[PDB]
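First the structure, in the form of structure tokens, and then the observations on it.
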Amino acid sequence: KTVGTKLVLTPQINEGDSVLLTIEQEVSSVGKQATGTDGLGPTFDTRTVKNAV
Amino acid sequence: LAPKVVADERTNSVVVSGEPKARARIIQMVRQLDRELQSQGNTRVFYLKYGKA
């Protein structure tokens with residue numbers, strides 16, 4: 001799984017000025033590369049926002 | 001036994017078989033429909049600005 005600063009964006013242009021941006025982004029992390037979990041695999045701190053604007 | 005009309009789509013050629021009155025009037029009909037398109041075609045392409053194609 002690719003967890004880091006991700007921007008996935010498909011822009012679409014209004015003939016004149018204003019951009020339609022389909023954004024799926026997040027800032028995510030595996031906590032500490034020397035720390036475990038109460039579960040079973042790695043966990044991730046994510047800040048995500050997927051929207052069209 | 002009277003004049004008949006044809007065409008080839010490899011050379012795009014009119015073919016006549018008949019009279020010289022048919023040569024005279026079908027050289028007119030060649031010219032009548034040998035008109036090109038004027039800008040606006042059968043097919044258009046719309047550049048959508050806020051909508052996704």
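Here's how to read the names in the structure tokens: chain A, B, ... by the order shown, residue numbers from 1 in each chain, ligand numbers from 1 in the order shown.
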request  = Considering only C-alpha atoms, extract the chain A residues located within 10 Å of chain B and return them as a ChimeraX atom specification.
outcome  = /A:12-20
request  = Could you pull out the residues in chain B that DSSP calls helix (DSSP H, G or I) from the backbone, as a ChimeraX atom specification?
outcome  = /B:20-33
Since we have the selection now, will you write its residues out, keeping N, CA, C and O atoms, as a PDB file, in the first residue's frame?
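Result written to result_16.pdb:
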ATOM      1  N   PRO B  20     -26.104  11.693 -75.675  1.00  0.00           N
ATOM      2  CA  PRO B  20     -25.435  12.962 -75.391  1.00  0.00           C
ATOM      3  C   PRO B  20     -26.301  14.037 -74.711  1.00  0.00           C
ATOM      4  O   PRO B  20     -25.729  14.938 -74.112  1.00  0.00           O
ATOM      5  N   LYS B  21     -27.629  13.931 -74.800  1.00  0.00           N
ATOM      6  CA  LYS B  21     -28.540  14.742 -73.954  1.00  0.00           C
ATOM      7  C   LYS B  21     -28.353  14.305 -72.498  1.00  0.00           C
ATOM      8  O   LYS B  21     -28.397  15.185 -71.628  1.00  0.00           O
ATOM      9  N   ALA B  22     -28.070  13.019 -72.255  1.00  0.00           N
ATOM     10  CA  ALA B  22     -27.745  12.487 -70.911  1.00  0.00           C
ATOM     11  C   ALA B  22     -26.348  12.965 -70.497  1.00  0.00           C
ATOM     12  O   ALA B  22     -26.211  13.364 -69.327  1.00  0.00           O
ATOM     13  N   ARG B  23     -25.360  12.957 -71.404  1.00  0.00           N
ATOM     14  CA  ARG B  23     -24.033  13.579 -71.141  1.00  0.00           C
ATOM     15  C   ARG B  23     -24.259  15.033 -70.724  1.00  0.00           C
ATOM     16  O   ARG B  23     -23.712  15.440 -69.682  1.00  0.00           O
ATOM     17  N   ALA B  24     -25.042  15.777 -71.507  1.00  0.00           N
ATOM     18  CA  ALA B  24     -25.313  17.214 -71.278  1.00  0.00           C
ATOM     19  C   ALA B  24     -25.989  17.420 -69.915  1.00  0.00           C
ATOM     20  O   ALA B  24     -25.496  18.278 -69.169  1.00  0.00           O
ATOM     21  N   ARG B  25     -27.049  16.669 -69.582  1.00  0.00           N
ATOM     22  CA  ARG B  25     -27.852  16.899 -68.345  1.00  0.00           C
ATOM     23  C   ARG B  25     -27.237  16.184 -67.134  1.00  0.00           C
ATOM     24  O   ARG B  25     -27.498  16.627 -65.999  1.00  0.00           O
ATOM     25  N   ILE B  26     -26.444  15.133 -67.321  1.00  0.00           N
ATOM     26  CA  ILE B  26     -25.877  14.431 -66.140  1.00  0.00           C
ATOM     27  C   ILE B  26     -24.508  15.020 -65.808  1.00  0.00           C
ATOM     28  O   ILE B  26     -24.128  14.920 -64.648  1.00  0.00           O
ATOM     29  N   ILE B  27     -23.846  15.713 -66.732  1.00  0.00           N
ATOM     30  CA  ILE B  27     -22.687  16.571 -66.356  1.00  0.00           C
ATOM     31  C   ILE B  27     -23.218  17.719 -65.484  1.00  0.00           C
ATOM     32  O   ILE B  27     -22.492  18.138 -64.583  1.00  0.00           O
ATOM     33  N   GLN B  28     -24.457  18.169 -65.698  1.00  0.00           N
ATOM     34  CA  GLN B  28     -25.142  19.148 -64.811  1.00  0.00           C
ATOM     35  C   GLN B  28     -25.396  18.502 -63.443  1.00  0.00           C
ATOM     36  O   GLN B  28     -25.114  19.158 -62.427  1.00  0.00           O
ATOM     37  N   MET B  29     -25.875  17.257 -63.404  1.00  0.00           N
ATOM     38  CA  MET B  29     -26.228  16.574 -62.126  1.00  0.00           C
ATOM     39  C   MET B  29     -24.959  16.183 -61.342  1.00  0.00           C
ATOM     40  O   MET B  29     -25.007  16.194 -60.096  1.00  0.00           O
ATOM     41  N   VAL B  30     -23.867  15.870 -62.045  1.00  0.00           N
ATOM     42  CA  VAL B  30     -22.492  15.752 -61.477  1.00  0.00           C
ATOM     43  C   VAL B  30     -22.196  17.024 -60.690  1.00  0.00           C
ATOM     44  O   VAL B  30     -21.712  16.905 -59.570  1.00  0.00           O
ATOM     45  N   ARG B  31     -22.404  18.184 -61.314  1.00  0.00           N
ATOM     46  CA  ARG B  31     -22.021  19.513 -60.779  1.00  0.00           C
ATOM     47  C   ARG B  31     -22.993  19.918 -59.670  1.00  0.00           C
ATOM     48  O   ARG B  31     -22.562  20.600 -58.728  1.00  0.00           O
ATOM     49  N   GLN B  32     -24.256  19.514 -59.779  1.00  0.00           N
ATOM     50  CA  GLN B  32     -25.318  19.878 -58.806  1.00  0.00           C
ATOM     51  C   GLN B  32     -24.982  19.331 -57.411  1.00  0.00           C
ATOM     52  O   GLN B  32     -25.273  20.022 -56.421  1.00  0.00           O
ATOM     53  N   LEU B  33     -24.396  18.137 -57.338  1.00  0.00           N
ATOM     54  CA  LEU B  33     -24.197  17.405 -56.062  1.00  0.00           C
ATOM     55  C   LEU B  33     -22.715  17.261 -55.736  1.00  0.00           C
ATOM     56  O   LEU B  33     -22.418  16.605 -54.749  1.00  0.00           O
TER      57      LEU B  33
END
request  = Identify all residues of chain B in strand (DSSP E or B) (DSSP on the backbone) and supply them as number ranges by chain.
outcome  = B: 4-8, 13-17
message = With only C-alpha atoms as the counted atoms, please give the residues lying no more than 10 Å from residue A:9, apart from itself and same-chain residues fewer than 4 positions off, as a PyMOL selection string.
response = chain A and resi 21-25+50-52
task = Figure out the distance between atom CA of residue A:40 and atom CA of residue A:3, please, to one decimal in Å.
result = 17.7 Å
